[PDB]
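Let me begin by presenting the structure, written as structure tokens, before commenting on it.
Protein chains: 2
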Amino acid sequence: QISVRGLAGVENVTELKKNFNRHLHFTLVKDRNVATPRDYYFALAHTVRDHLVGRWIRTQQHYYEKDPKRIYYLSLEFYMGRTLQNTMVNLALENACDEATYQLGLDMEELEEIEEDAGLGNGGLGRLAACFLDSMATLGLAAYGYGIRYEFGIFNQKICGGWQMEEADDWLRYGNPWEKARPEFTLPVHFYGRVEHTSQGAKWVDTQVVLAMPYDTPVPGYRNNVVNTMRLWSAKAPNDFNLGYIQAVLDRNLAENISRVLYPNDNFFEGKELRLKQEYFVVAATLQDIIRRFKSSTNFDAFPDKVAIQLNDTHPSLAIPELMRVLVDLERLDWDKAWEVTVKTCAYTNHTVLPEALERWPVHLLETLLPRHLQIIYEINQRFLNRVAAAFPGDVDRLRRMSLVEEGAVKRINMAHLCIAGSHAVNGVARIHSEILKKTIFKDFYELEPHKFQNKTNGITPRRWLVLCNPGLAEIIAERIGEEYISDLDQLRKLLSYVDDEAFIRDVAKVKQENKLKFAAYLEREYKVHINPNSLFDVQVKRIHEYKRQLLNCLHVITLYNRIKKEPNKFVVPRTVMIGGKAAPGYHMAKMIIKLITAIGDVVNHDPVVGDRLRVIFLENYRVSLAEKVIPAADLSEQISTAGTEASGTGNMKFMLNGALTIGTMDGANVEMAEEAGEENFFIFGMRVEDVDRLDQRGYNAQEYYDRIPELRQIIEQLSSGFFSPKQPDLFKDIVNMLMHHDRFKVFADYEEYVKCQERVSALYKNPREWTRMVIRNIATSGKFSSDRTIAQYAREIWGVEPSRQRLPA
Amino acid sequence: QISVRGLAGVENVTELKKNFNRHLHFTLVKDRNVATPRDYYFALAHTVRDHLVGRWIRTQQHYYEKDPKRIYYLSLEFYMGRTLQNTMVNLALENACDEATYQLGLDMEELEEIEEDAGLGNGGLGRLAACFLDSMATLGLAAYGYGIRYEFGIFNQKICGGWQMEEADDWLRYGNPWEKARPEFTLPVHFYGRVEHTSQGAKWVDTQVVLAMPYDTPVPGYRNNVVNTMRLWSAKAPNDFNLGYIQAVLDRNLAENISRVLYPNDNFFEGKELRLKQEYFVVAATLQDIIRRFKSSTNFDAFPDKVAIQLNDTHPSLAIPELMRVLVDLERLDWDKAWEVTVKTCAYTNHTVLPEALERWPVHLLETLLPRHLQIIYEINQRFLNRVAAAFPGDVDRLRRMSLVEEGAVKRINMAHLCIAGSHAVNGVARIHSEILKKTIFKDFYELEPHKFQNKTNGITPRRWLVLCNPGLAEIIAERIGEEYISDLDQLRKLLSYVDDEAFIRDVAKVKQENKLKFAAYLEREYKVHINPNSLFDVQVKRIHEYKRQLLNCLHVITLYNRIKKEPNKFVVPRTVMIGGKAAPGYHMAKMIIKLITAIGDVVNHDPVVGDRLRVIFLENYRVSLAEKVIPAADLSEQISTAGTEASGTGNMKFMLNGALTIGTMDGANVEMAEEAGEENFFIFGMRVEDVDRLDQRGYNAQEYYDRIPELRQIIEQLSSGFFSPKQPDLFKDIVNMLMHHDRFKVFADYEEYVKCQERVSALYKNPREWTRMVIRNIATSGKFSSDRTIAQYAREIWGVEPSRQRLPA
Ligand SMILES: O=c1ccn([C@@H]2O[C@H](CO)[C@@H](O)[C@H](O)[C@H]2O)c(=O)[nH]1
Ligand SMILES: O=c1ccn([C@@H]2O[C@H](CO)[C@@H](O)[C@H](O)[C@H]2O)c(=O)[nH]1
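Chains A and A' are the protein sequences, given in the same order. A prime marks a further copy of an entry chain.
Using PDB author numbering, the letters of the first sequence map in sequence onto residues 12 to 254, 261 to 314, 324 to 836.
Using PDB author numbering, the letters of the second sequence map in sequence onto residues 12 to 254, 261 to 314, 324 to 836.
Printed below as a string of structure tokens:
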């Protein structure tokens, strides 16, 4: 049907059909009379997977012979979403499979909807890891994702009575056809025990052994025949384990619980033992695998020329003392040499500056669980602090601030401080976030070693985030400028010479309309609720957090409502406000915010006076495959974090790419996006970082905004008095109390500018042609936000390897 | 190479090779340079499984259209062993796969050794269930095995320092290519809750739901293209389960523990809740599946014409109140009609008379776990006892003996009494065992309903137990009489006219020699110990139990040893005594017996005076695939249970079929075997059942045998005094104490006759030609012990269906 989806050849379509029928028969043990759509999804899924393996096998063979430097991306999170469509797209099989399945009398899109999301992460950091793997495979790097095969991923969110309910995400119930178990490469991981000293060094003894079994998932590059590996470890008990009898077998579960469930806290640290175990387990099994591959080429001077390890936040920071451990205690290198190898091998990415999100492990935990690693850490700290003392003699305060060991209540280990000391490079994830690291939380570190600190502004893969979710837009872009932009997103600049092209304007606007129609029906079919598709689609989707200021959004919504009710017969640009995201199960405020949003909907959506003019919808179970649907349908993207709090953001980039305009603050990558498109093409409002500091110095008093802004006073009174919850008039006391007395994020400070900026959006929306020309100018300057650009900079400036766009032979 | 192994056609061999290479590539994601033997086993395993599916699909289709009565075999045990060779044999693929794999440069036998045993049972009852499924598929019955998919089967036994150590049997580590998960037919099973009464009947409410997910394993008939189904349920938590958050997800394991491990007690009841849960779970999910298949043809009068349920011991006896429950509470039939349907549907097989093996569930357990089923049981009992009262008015003692409810200490439910009351047929498993049921433990029941009681003497499948484990013997038999005996084992009678054929005598003896050579090397390769292959191979393999009297065997061994030492330079027929079997983890005596046997070996096997004349070996980890190796290699089969205790035995039959002679007591099926071969062709010794009763009436005093038999006195003194354990002189005090003061099994009473009978065996062994002619006479009369005969009688006399030998189309 559409050209960017590839050739439907007569040979290929005929081949696909025969293999589909083969799998239905041999693999699924079914035939046409008893097959459900699920069986059809699987038969297609095995058929498409067949095209990967040949490529997968020769990619691993190529690396064996060429021996390039390997990149190891360690993350506790890989937020992959669905694999089938992405695999078709990267293999150029999409139209052929559509044809093949149409001829068998099936609808391929209906089949895609059956695949479970791999929800092996929380939000932005997990999903960046997914974009990175796609980009790495596309740029031909010999790269491996390593993580944990969680049996349950982020919980499924249901709303019952307006409240979030959590339900276990049993994503493996039906099988995962993409993974290949590899029990032959199972590795021991050790816990507890104690440290013995001998003539020939320290020894770690009396340990419990947990086994780590790997599962490999293929990662296809874009049309280049490269297929890389994402290897995820699963926990397994050894067979003499605990080995009265029945109970011993049942207790094998204690050891396997390591890989059972993903922790659902995002931007918040929770110091639980089970979490530390997961952190050690991924790092222990991964380093053994790394060292094993290295030995199959004695000589560790060359280890940094053959190995790069990227740490995704501090979650795998134990890589650092672990590699010291293996090199010092097992390979018998001296300290100084092992340390040089370590620093040269590891590099660290920070993702946040929020103090509650930083990992600070109690010493009593590490002592019990990892007694040797604690020793190594004390030794790293001592030698590090001697470089500090010697560079800043007499500065005793610097020493306590820079220590990897926090003193106080309970002693803690600051894992960020460890990652900086043991890495040759530390990066933030957007330019402003990188400067903030240098000026604030890591300033001492930066003065010590300026050369370690870099920026690598985040990006998204245009394969998933454009070609896959938005074929309509991809196609019309391809009609004008060719297909080459799919792996060179800079080429979208050529779209600027079409900003005054009448036919392009109508096409860009036609695609948005279609996506809106499609999403509007998806709302009615799968969740039974009605939206006007002619309204502006105002969407905020991201995890629920105080810093992300969904509350700011709520206050605007209430304002629009109170303005309609005051002057009912006045024209207002109609809007569908959609807000979605999961709250971490123990984040009480976040749960309250979800309840507020649905309460606003209960009132606004049933006011006959309001009519079709304002709708508020909470989008349940926001996840990757729901993002692929709502994002193409959006007109307005809300990125309204308090300046200085959103390290980068990546949702923002998805929306710029897919033809929504952005309202947001000068925060994170918003700054670079407005810089690329021009500030006039962006709706910027509110305090800058500097204003926030000015307000902190003198103190934030929210009463001041409540006394001066009668529109805001009225909202608060309505909140306090039971307007939104007539059966529990005091239901929202916590929210009001917080807003009034301890808002760490200054919601009221931005309120006025926000509402005013929002009237400018409605005004531009009244002029469709000029709304669309602004859209064209956003889309055409989103090139910089491709994760291909991001990974090319990591490759040249951190890893020391060169990308290449070159096909391997088929 | 050998004809009973089928055609190696040029088409088939070429096909097998291309599919093997396909699986190695697509399914295993490997190629020739990195493949291990394990990968080769799997590639063959998937290739052979491909030939099953077409047959599997049309067998299930045939049953749908013909609608024959279905047989449902419920068992908590299916002791399957390995599947690959058995599948080749029943499909006639064996020579073709040998060829195909030889041409790829592999050794197929070396590949077969990699397959894990499916050890989903304990011993004789579990393995009978396996023979039955093969026979049922071979005789074309529409039959389903139903059970539990245990994640760990019978433990692997290791001997450390002569003691049994247990190790978890992780049979699924590497995958099971034979099973097909069927998550689409998952069914709820309920526990706990309470009973509510309404206007329209009893209701079971507030229950915990456990989900039962089925796995289907194909069961191929012999060369008839029938493929039946063995369906095994796995336990799964529902998704709102327990649903602070982390702990809720981790606790999903409590529900899944139901299918985690097989209980390892054989001939011994253990009243643990987890066991009762497993019993209910298999019966609850199975009946729903049965009723579902029945509805897809309102009318339950015809249920018994479309459904038969066989209960394998009382482990699934809850089928009876469960079917009452569903029919009465859910389908709303009246009691009397539902009961008639139940009785007409169910039938019950007893496997033992040992009082400690009988299931007697505490009432307080059933009350908590299954409150409704307890009510139904009380109602069954009341109405049953009114038929007793009315048939035997005034007999108050009969009433208390026949009650399903035992009074006493704690009230219990006698599950045997329940199975008899709710079944139209009750059978023993050998003729003598069936008479013993009628005369002793079930006498009251028999006087009430004589017509329920039947016999169905056990059998073994000649596919596994001859063609598969002993191709040598199968072949030479086939040379003389054709192939037809493989599914009509009666034809072995024709072998009698060859008892004086010189060439046959030499062939039968050549096969035994080869099997002995092969097994003797298997001992050196895989367990590093040396045996003379010219010795008589004296083997006792079966679970370790006091009633099986391995101790009797031990006393003979010590006697032979003390006789060699007394007159060292006298000729004795040399022997290799092998004894093997697992002890249940809490059966202290059984563990002591294993230790005794290895202690005897430590002494006997290192006495230079003894030399090559006597060796004692304990065969570690006795299991199905070890039975397939030792049984063909045996000369002497030891079946020496105290008369009246071995319900039937089936090891005995394996040995008769494979050319060993039998020494044993007139117990179980030994009686029918000696009757078939002639008593002169069998080494019978010891008390009969009647002698045992005579000795009980007057009392068993073991001191009497110790005072009169100086050879026995000396053994006991050696035991007591530390001869066999010089570092713990009192190590065996428990065994001696037991033997002397409370032997429920009268080891000494049989000792004299045993030793004398054993000299007769050595004497026949000195004359090879006459030993072999006796062998030929055993083999030729083993026909009756085929499970095809057993199942044909079940079919005609219990189930009301006719067998057929007819091919389905290919
Ligand atoms: O715990 C955390 C800490 C940070 N991030 C996000 O990382 C993304 C990837 O770099 C950023 O774009 C986003 O700003 C940040 O909050 C998370 O998603 N979870
Ligand atoms: O718990 C038990 C009770 C009995 N049997 C055996 O059943 C076989 C099959 O019928 C019999 O041949 C054997 O005598 C009996 O002990 C067991 O294996 N386990």
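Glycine included, each C-beta is placed from N, C-alpha and C at the ideal position.
Are residue i and residue j close, meaning C-beta to C-beta below 8 Å?
i: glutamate 664 of chain A'; j: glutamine 566 of chain A'; result: yes
i: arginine 519 of chain A; j: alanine 818 of chain A; result: no
i: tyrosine 297 of chain A'; j: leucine 359 of chain A'; result: no
i: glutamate 778 of chain A'; j: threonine 585 of chain A'; result: no
i: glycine 498 of chain A; j: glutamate 528 of chain A; result: no
For residue i, write down the residues that DSSP places opposite it in a beta bridge.
i: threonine 375 of chain A; result: A/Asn338 and A/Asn453
i: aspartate 227 of chain A'; result: A'/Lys191 and A'/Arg242
i: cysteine 171 of chain A; result: A/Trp174
i: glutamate 432 of chain A'; result: A'/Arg438
i: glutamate 664 of chain A'; result: A'/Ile689
i: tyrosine 90 of chain A'; result: A'/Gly130
Considering just the uninterrupted stretch of the beta strand (DSSP E) at residue i, what are its terminal residues?
i: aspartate 564 of chain A; result: 562-567
i: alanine 154 of chain A; result: 154-159
i: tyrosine 83 of chain A'; result: 81-85
i: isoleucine 439 of chain A'; result: 438-440
i: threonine 209 of chain A; result: 198-209
i: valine 630 of chain A; result: Looking at the DSSP string, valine 630 of chain A is not in any beta strand (DSSP E); the run it does join, the alpha helix (DSSP H), is 614-630.
i: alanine 129 of chain A; result: 129-131
i: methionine 604 of chain A; result: 601-606
i: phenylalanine 479 of chain A; result: 479-481
Using the C-alpha atoms, what's the distance from residue j back to residue i?
i: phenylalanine 285 of chain A; j: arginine 575 of chain A; result: 16 Å
i: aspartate 719 of chain A; j: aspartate 814 of chain A; result: 35 Å
i: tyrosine 52 of chain A; j: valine 455 of chain A; result: 38 Å
i: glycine 164 of chain A'; j: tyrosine 233 of chain A'; result: 27 Å
i: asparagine 239 of chain A'; j: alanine 301 of chain A'; result: 22 Å
i: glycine 65 of chain A'; j: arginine 33 of chain A; result: 11 Å
i: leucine 117 of chain A; j: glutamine 175 of chain A; result: 36 Å
Please report the residue range of the alpha helix (DSSP H) in which residue i lies.
i: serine 747 of chain A'; result: 736-747
i: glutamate 348 of chain A'; result: 345-351
i: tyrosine 52 of chain A'; result: 48-77
i: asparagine 270 of chain A'; result: 269-273
i: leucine 122 of chain A'; result: 119-123
i: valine 801 of chain A'; result: 794-805
> Any chance the stretch 429-447 of chain A sits against the stretch 405-418 of chain A, with 3 or more Cβ pairs inside 8 Å?
Replying inline: Contact annotation: the stretch 429-447 of chain A touches the stretch 405-418 of chain A, with at least three C-beta pairs closer than 8 Å.
>> If contact is defined by three or more beta carbon pairs under 8 Å, each pair taking one atom from either stretch, is the stretch 294-309 of chain A in contact with the stretch 345-362 of chain A?
In response: Cβ pair count under 8 Å is three or more, so yes.
> Does the pairing of the stretch 477-496 of chain A with the stretch 756-770 of chain A give three or more beta-carbon distances under 8 Å?
Replying inline: When Cβ pairs closer than 8 Å are counted between the two stretches, the stretch 477-496 of chain A is seen not to touch the stretch 756-770 of chain A, the count staying below three.
> So, do the stretch 558-573 of chain A' and the stretch 654-662 of chain A' have three or more beta carbon pairs nearer to each other than 8 Å?
Replying inline: Touching, per the Cβ criterion.
>> I'd like to know if the stretch 264-283 of chain A and the stretch 606-618 of chain A are in contact, where contact means that at least 3 CB-CB pairs between them fall below 8 Å.
In response: Three or more Cβ pairs drawn from the stretch 264-283 of chain A and the stretch 606-618 of chain A lie within less than 8 Å of each other, which places the two stretches in contact.
> Do the stretch 327-334 of chain A and the stretch 187-200 of chain A meet, that is, are 3 or more Cβ pairs less than 8 Å apart?
Replying inline: A contact is defined here as three or more CB-CB pairs under 8 Å, and the stretch 327-334 of chain A fails this definition with respect to the stretch 187-200 of chain A.
>> Quick check: the stretch 155-172 of chain A' against the stretch 687-699 of chain A', are at least 3 beta-carbon pairs closer than 8 Å?
In response: Per the Cβ contact rule, the stretch 687-699 of chain A' is not in contact with the stretch 155-172 of chain A' (fewer than 3 Cβ pairs under 8 Å).
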